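Colleague: Give me coordinates for this.
(2 chains, ligands or ions: 7)
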Amino acid sequence: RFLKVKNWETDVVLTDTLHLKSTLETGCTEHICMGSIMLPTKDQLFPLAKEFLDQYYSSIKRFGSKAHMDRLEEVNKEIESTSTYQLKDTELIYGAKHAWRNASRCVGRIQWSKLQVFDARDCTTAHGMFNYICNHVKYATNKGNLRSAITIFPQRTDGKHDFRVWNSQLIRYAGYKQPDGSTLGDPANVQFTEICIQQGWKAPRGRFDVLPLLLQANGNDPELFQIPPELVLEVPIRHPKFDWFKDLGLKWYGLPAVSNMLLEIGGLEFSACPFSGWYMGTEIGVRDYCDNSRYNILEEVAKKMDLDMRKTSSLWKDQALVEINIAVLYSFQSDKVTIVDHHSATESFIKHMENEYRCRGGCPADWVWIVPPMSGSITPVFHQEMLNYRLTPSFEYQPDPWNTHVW
Amino acid sequence: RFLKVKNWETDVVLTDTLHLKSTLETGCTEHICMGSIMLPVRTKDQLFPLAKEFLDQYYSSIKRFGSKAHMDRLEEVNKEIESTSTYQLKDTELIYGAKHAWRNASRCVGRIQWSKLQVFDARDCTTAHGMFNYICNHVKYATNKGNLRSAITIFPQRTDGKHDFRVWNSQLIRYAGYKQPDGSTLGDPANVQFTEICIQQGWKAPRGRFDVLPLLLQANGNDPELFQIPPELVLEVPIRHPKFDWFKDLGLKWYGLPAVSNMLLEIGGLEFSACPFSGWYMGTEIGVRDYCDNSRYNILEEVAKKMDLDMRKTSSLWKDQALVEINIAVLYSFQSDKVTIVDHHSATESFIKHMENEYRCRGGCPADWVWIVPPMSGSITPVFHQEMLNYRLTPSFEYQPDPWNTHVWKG
Ligand code: HEM
Ligand code: HEM
Ligand SMILES: Nc1ccc2ccc(CCNCc3cccc(F)c3)cc2n1
Ligand SMILES: Nc1ccc2ccc(CCNCc3cccc(F)c3)cc2n1
Ligand SMILES: C[C@H](O)[C@H](O)[C@H]1CNc2nc(N)[nH]c(=O)c2N1
Ligand SMILES: C[C@H](O)[C@H](O)[C@H]1CNc2nc(N)[nH]c(=O)c2N1
Ligand SMILES: [Zn+2]
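Modeller: Numbering: from 1, shown residues only, chains lettered A, B, ... in the order given. Ligands and ions are numbered 1, 2, ... in the order given. Take a look at the structure below.
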C-alpha cells in the first residue's frame, strides 16, 4: 500500500502513496505486464466532477469550506439540469496544468506549473479555431524563446458536435508515396497528407512541406487553412564539425505541438486541446531522422562519414546516430531556438520526481517512455525505478477523426 | 483469451496464447505497473501440483503425454513425495528443466540459443572442494579457448533450507573492488562488499584494478570456503581501439566468460540454489554498463579527455561520443582475440526472429522490454519498436537473497 522506488545509481529511496488515489486502469494484471504496449451520462458524471472539485479545493487550502460545498452544490444542480457543467476559468487552468503534471510519459514535467492556458471555449467555427491556433503558435514560438501553452476548444456535448484538429501536431511535414516505390517527405503522415489532398490541398510535393491545418468545429466537415509561413519557425540542420552535413538538406521545426489528444477534466472531455512545449533533441535526431519508418537517414550520413558499413559490429549506426544528434542540438542552439538535450532533460526529471515525491507523495512515470531512445543507461532515469499509474485530470488518446466523422 | 503485440516499425502483429499457462505473479495490478521495479521450505501440500504440471509439460514436449511412462512417472513421483517429502529429477527432466528456465527468462535477449545448453549434473556433489572441481570443469568447458559454449552446472537441490548449496559469488569470474580510506574505489565498485567478505575469510588481496576474485563456496549448509580459480582457466581480453592508439594505455581489460552464479533454478517445485550458468557477452554489458555506469569503472571522463571532446556542456554529447568509442573498442578487442561476443544490433535482430518463431511454434514468448532494449542506441535496434508481454512461466530462474544475509555461521 505504501510503495518504494529505488534509484540504483544513488541508492535514494522514495515512498509512493499518490498511487492510492489512482482512478483509471493500466492494462496490466497480476499475471501479465503490459508496460510496453503503446495503447492499452449524468450517472457517470457527478462522481467525476466531485473528485475533481475536491482536489481543486484542497489544492487552494479550502477543502470543506462554504465555497467548496457551494460549488459542489452548483455543479450538481447544473448536471441534474443540463446533463453537463462548465468549469470556472480557475478550474480550467488547474485542470490543464494537472493533466500535464499527471502525464506519466512526459520527461519535461518539471515545467508543469508554467503553462499558459488559452480558453477558446467561446469558439464556434473552423475559421475561429484557425485564429486561436495561429495566436497559440505565435505566442508559444516567441521568436525562438519558446513558452509552453495549451489552447482549449469547446468540450464534447453529445459526441455529434465534437471539435477536433485532425492534424496530429500543429506543425508537421507532408509525406508522399512515389511510383518510385519509396517515400518522399515524412512516411508517418502519408495518410494524413492524402486526406488533405483529397479535401483539396495543392501539395508542393517536397520533402519538407508544412501541412495545412484541417480543422473541425462543432462536428462539421473539417476545413483546410495554411499557417502563415511567417509563424512557422524552422531550423536548418548543420554540424559544428562536418561541413558536408548542410548539403543533406535537412531542416526541422522549432515547435512541438501535439494536437490530436483528448484532455479530460472532472469527467468533461476536451477533444480539441492542441498543446506545445519545446523539443528534447533526441525526438528529432534519434526518432524523426533515424527510425526506419521515418526519415531513415542513418545510411546516408554514415556514407558521408566514410564509416565501415560492412559489419554491424563497427557500430557505424551508433556513431552516425550521435553525430546527427549533435547537429540537431547545434543548429537549434545556433539559431537561438529553445531545445533541451537528453542529459539535461533526464537530470531535470529526476529533480522533478524528487520534488513530487516530497510535495505530493509521488509521481506517475512510464520508464519505457521516460528513458531516451539513445544512451539510455548513461542518463540518470535509466537507473531510476518508476511506478506507473493513471491519475486524472489527464491527456488521453482518441481515434483519428476520419474513422469517426460522419462525412 | 488471445493477446496481440504489434511491431510499430514493421506492422507485424503477433497473437499470444502462452500467457494462459502463466502461474507466478508479476507485481503489477490493474492500478499500478511495476514493470520498472528491479526485483518485483515447501510442503507436500504445494509440491505435488508443481511436480505434476512440470511432468505434464515434459511428457508433452516428448510427445508421450498420457502414456504409460507418463502415468507411471507421476505415480512414482507422488509416492516419493509423500514418503520423503521431496523427489529427484531424472537426468532427462533436469536437462529439459534447465533449458526451459532459460527459454522462459523474459529479461534475456540471448534466448535464440536456449536449446543449445550443456547441462552438467553436479547433484552427487557433497563438499565445497567438490563444488570447486565442478566449477573449474564448467569454466574450462564453457571457455573452450575463446569459442564460448553455453553451460549450466546443477548442484543438489534445497531440502530443509538448512543444507543449502550456494555459490556466494555473484558471477564465477569477477574483479575485486576496494573502498579506499579517501573514499575512492579501486577495481570494480559493484563487488566491494563481497570483496570485503573474501578478505575477511582470509583471501590475500593483490589490491589491483582487475584482481579476479576467489570462489567462496558453501556445500550442504556448511560455512563457505575460499578457492582460487586457476589463472590459466580465466580467459581475459585486453581492451584496445582500432583507430585510437592511446586506448591501450587506459589499462583496461575484461574477462570473456559471463557466468552468473547467484540465481535459483526452479524446476517442478524443486529449488536448485546453486546453479551457475554461462553464455557469452553482448558487448554493451561490458562497454556501456561495466565501464560507463557512474557506479562501476566510470571511464567516460578519462576517455572523453583523451579524445579531447568539448566537456564543458552536456549538449556537446561528449558522453554519447565516448560511449560509442568504448563499445567499438570492446567488440574490436574480443573479435581480434577470437573470443565470442555479440554486438547489440546482431543480438536484438536475432531476438526478434527468436520471438516470432516462438509465437508461431509456442504460442508466445514472455519478454521484459525494460531489460531487452540495449542501454545504448535503444531505438535503432528492432526490439525498441516491438511490443512485448511479460509474464512468468516455470521452470524459471529466480533471484535469491545474498547468502551472507541469511547464513547461520557454524564457526
Ligand atoms: C516544455 C517542454 C517539454 C518537454 C521537453 C517534453 C518532453 C516529452 C517527451 C520527450 C515526450 C515523449 C515524446 C515521444 O517520444 O513521442 C513527452 C511525452 C508527453 N508529454 Fe511532454 N514535454 C514537454 C512539454 C509538454 C507539455 C506542455 C504537455 C502538455 C501540456 C506535455 C504532455 C506530454 C504528454 C501527454 C506526453 C505523452 C504523449 C503520448 O503518450 O503519446 N508535455 N514529453
Ligand atoms: C549465450 C549468450 C547469451 C547472451 C548474449 C545473453 C544476453 C543476456 C543479457 C544481455 C542479459 C541482460 C544482462 C544485464 O543487463 O544484466 C541477459 C539476462 C539474462 N539471461 Fe541471458 N544471455 C545469454 C545466455 C544465457 C544463459 C546461458 C542463461 C541461463 C541458462 C541466461 C539466462 C538469463 C537470465 C535468467 C537473465 C536475467 C537475469 C536478471 O533478471 O537479472 N542467458 N541475457
Ligand atoms: N517536446 C515535446 C513536448 C510535448 C510532447 C507531447 C507529446 C508527444 C508525443 C507525440 N505523440 C505522437 C505519437 C507517438 C507515439 C505513438 C503514437 F500513437 C503517437 C511529444 C512531445 N514532445
Ligand atoms: N551475456 C550474459 C549471459 C547471461 C546472463 C545472465 C544473467 C545476467 C544478469 C546479471 N546481472 C547482474 C546484476 C547487476 C546489478 C543488479 C542486478 F539486479 C543484477 C547477465 C547475463 N549476460
Ligand atoms: C513498443 C514500444 O512500447 C514503443 O516502441 C515505444 C517504446 N518507447 C517509446 N518512448 C518514447 N518516448 N516514445 C515512443 O514513441 C516510444 N515507443
Ligand atoms: C530501474 C531499472 O528497472 C533498472 O535500472 C534496470 C533497467 N533495465 C535494465 N536492463 C538490463 N539489461 N540490465 C539492467 O541492469 C537494467 N536495469
Ligand atoms: Zn505492468
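Colleague: hmm, stretch A:45-61 touching chain B?
Modeller: No: using Cβ under 8 Å from any Cβ of the partner chain, stretch A:45-61 never reaches chain B; the gap is at least 15.3 Å. For the C-beta atoms, the positions are set from N, CA and C on the backbone; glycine is no exception.
Colleague: Just the CA atoms of that stretch, as PDB, please.
Modeller: Extracted in PDB, the C-alpha atoms of stretch A:45-61 (Å, rounded to 0.1, in the frame of the first residue of the first chain):
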ATOM      1  CA  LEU A  45     -20.500  12.500 -14.400                       C
ATOM      2  CA  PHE A  46     -21.300  13.600 -10.900                       C
ATOM      3  CA  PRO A  47     -18.700  11.500  -9.100                       C
ATOM      4  CA  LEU A  48     -16.100  12.600 -11.600                       C
ATOM      5  CA  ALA A  49     -17.000  16.300 -11.000                       C
ATOM      6  CA  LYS A  50     -16.800  15.800  -7.200                       C
ATOM      7  CA  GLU A  51     -13.500  14.000  -7.200                       C
ATOM      8  CA  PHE A  52     -12.000  16.900  -9.300                       C
ATOM      9  CA  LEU A  53     -13.600  19.700  -7.200                       C
ATOM     10  CA  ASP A  54     -12.500  18.000  -4.100                       C
ATOM     11  CA  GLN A  55      -8.900  18.000  -5.300                       C
ATOM     12  CA  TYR A  56      -9.200  21.600  -6.700                       C
ATOM     13  CA  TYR A  57     -10.500  22.900  -3.400                       C
ATOM     14  CA  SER A  58      -7.800  21.000  -1.400                       C
ATOM     15  CA  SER A  59      -5.100  22.500  -3.700                       C
ATOM     16  CA  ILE A  60      -6.200  26.000  -2.700                       C
ATOM     17  CA  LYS A  61      -6.400  25.100   1.000                       C
END
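Colleague: Return the distance of it from the chain's centre.
Modeller: 25 Å (Cα atoms, centre = their mean, to the nearest Å).
Colleague: What are the buried residues along that stretch?
Modeller: Within stretch A:45-61, the residues that count as buried by 16 or more other Cβ atoms under 10 Å in any protein chain shown are A:45, A:46, A:48, A:49, A:50, A:52, A:53, A:55, A:56, A:57.
Colleague: Which residues does the strand or helix carrying the second one contact?
Modeller: Looking back up the chat, that one is residue A:46. Using DSSP states H and E, residue A:46 maps to helix A:42-59. Contacts with helix A:42-59, where a contact means Cβ atoms under 8 Å, 6 or more residues apart in numbering or on different chains, come from A:23, A:63-65, A:67-68, A:71-72, A:75-76, A:79-80, A:83-85, A:91, A:94-95, A:265-267, A:392-393.
Colleague: Which strands or helices does the very next helix or strand once past it pack on?
Modeller: Using DSSP H and E, the helix or strand that follows helix A:42-59 in sequence is helix A:66-82. Under the contact definition 3 or more Cβ pairs under 8 Å, 6 or more residues apart in numbering or on different chains; DSSP states H and E, helix A:66-82 sits against helix A:42-59.
Colleague: Can I get the buried part of the contacts of helix A:42-59 as one ChimeraX selection?
Modeller: Here is the ChimeraX command that selects the buried residues among these (16+ other Cβ under 10 Å):
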select /A:68,71,72,75,79,84,85,91,94,95,265,266,267,392,393
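Colleague: Nearest spatial neighbour of residue A:40, chain-adjacent residues omitted?
Modeller: residue A:27 (2.7 Å; Cβ to Cβ, 6 or more residues apart in numbering or on different chains).
Colleague: And residue A:205, by the same measure?
Modeller: residue A:176 (5.9 Å).
Colleague: A strand includes that neighbour, no?
Modeller: Yes: residue state for residue A:176 (DSSP: H, G, I helix; E, B strand; the rest coil) corresponds to a strand.
Colleague: contacting residues around it?
Modeller: Applying Cβ under 8 Å, 6+ apart, we find residue A:176 in contact with A:183, A:184, A:185, A:190, A:193, A:203, A:205.
Colleague: 10 Å instead, please
Modeller: Neighbouring residues of residue A:176 by Cβ atoms under 10 Å, 6 or more residues apart in numbering or on different chains: A:183-187, A:189-190, A:193-194, A:197, A:203, A:205-207, A:209.
Colleague: Any quick ChimeraX command for the buried ones out of those?
Modeller: The buried residues among these can be selected in ChimeraX (16+ other Cβ under 10 Å) with this line:
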select /A:183,184,185,186,187,189,190,193,194,207,209
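Colleague: Quick check: residues of the stretch 151-300 of chain A near ligand 3?
Modeller: Proximity of the stretch 151-300 of chain A to ligand 3 is confined to A:256, A:258, A:277, A:278, A:279, A:280, A:283 under the rule Cβ under 6 Å from any ligand atom.
Colleague: Among the contacts of residue A:176, name the ones in strands.
Modeller: Of those, the ones assigned to strands by DSSP state E are A:183, A:184, A:185.
Colleague: Take these and lay them out in TSV including distance to ligand 5.
Modeller: Formatted as TSV, those follow (distance: Cβ to the nearest ligand atom, whole Å):
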residue	distance to ligand 5
A:183	19
A:184	23
A:185	20
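Colleague: before we move on, back to that, and of the buried residues of stretch A:45-61, the nearest to residue A:156?
Modeller: residue A:45 (11.6 Å; Cβ to Cβ).
Colleague: Could you check how far that closest one is from residue B:170?
Modeller: 55 Å (Cβ to Cβ, to the nearest Å).
Colleague: Next: residue A:407.
Modeller: 63 Å.
Colleague: now do residue A:222
Modeller: Distance check for residue A:222 against residue B:170: by Cβ to Cβ, it reads 60 Å.
Colleague: closest point of the stretch 1-150 of chain A to ligand 2, which residue?
Modeller: Nearest residue of the stretch 1-150 of chain A to ligand 2 (Cβ to the nearest ligand atom) works out as residue A:8 at 11.6 Å.
Colleague: Identify the residues contacting that residue.
Modeller: By Cβ under 10 Å, 6+ apart, the residues touching residue A:8 are A:382, A:383, A:384, A:385, B:38, B:293, B:295.
Colleague: And those residues, which is closest to ligand 7?
Modeller: Using Cβ to the ion, residue A:385 comes nearest to ligand 7 of the contacts of residue A:8, at 12.9 Å.
Colleague: Spatially, what comes nearest to that closest one if we skip its sequence neighbours?
Modeller: Among residues not flanking residue A:385 along the chain, residue A:5 sits closest, at 4.0 Å (Cβ to Cβ, 6+ apart).
Colleague: was I right about the one you found contacting residue A:16?
Modeller: Yes: Residue A:5 lies in contact with residue A:16 (Cβ atoms under 10 Å); the separation is 6.3 Å.
Colleague: Which stretches in the stretch 251-400 of chain A count as strands?
Modeller: Under the criterion DSSP state E, counting those that start in this stretch, the stretch 251-400 of chain A contains strands at A:251-253, A:257-258, A:262-265, A:268-270, A:275-276, A:394-396.
Colleague: how about the last one: buried residues?
Modeller: Buried residues in strand A:394-396, counting neighbours by 16+ other Cβ under 10 Å, are found at A:394, A:395.
Colleague: by contact count, what packs against the helix or strand just after it?
Modeller: Next in sequence after strand A:394-396, counting helices and strands by DSSP H and E, comes helix A:401-404. Helix A:401-404 sits against strand A:164-165, helix A:190-199, strand A:213-216, with contacts defined as 3 or more Cβ pairs under 10 Å, 6 or more residues apart in numbering or on different chains; DSSP states H and E.
Colleague: With distance to ligand 1 as extra columns, can I get these in a markdown table?
Modeller: As requested, those are exported to a markdown table (distance: least, Cβ to the nearest ligand atom, whole Å):
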| stretch | distance to ligand 1 |
| --- | --- |
| strand A:164-165 | 14 |
| helix A:190-199 | 16 |
| strand A:213-216 | 19 |
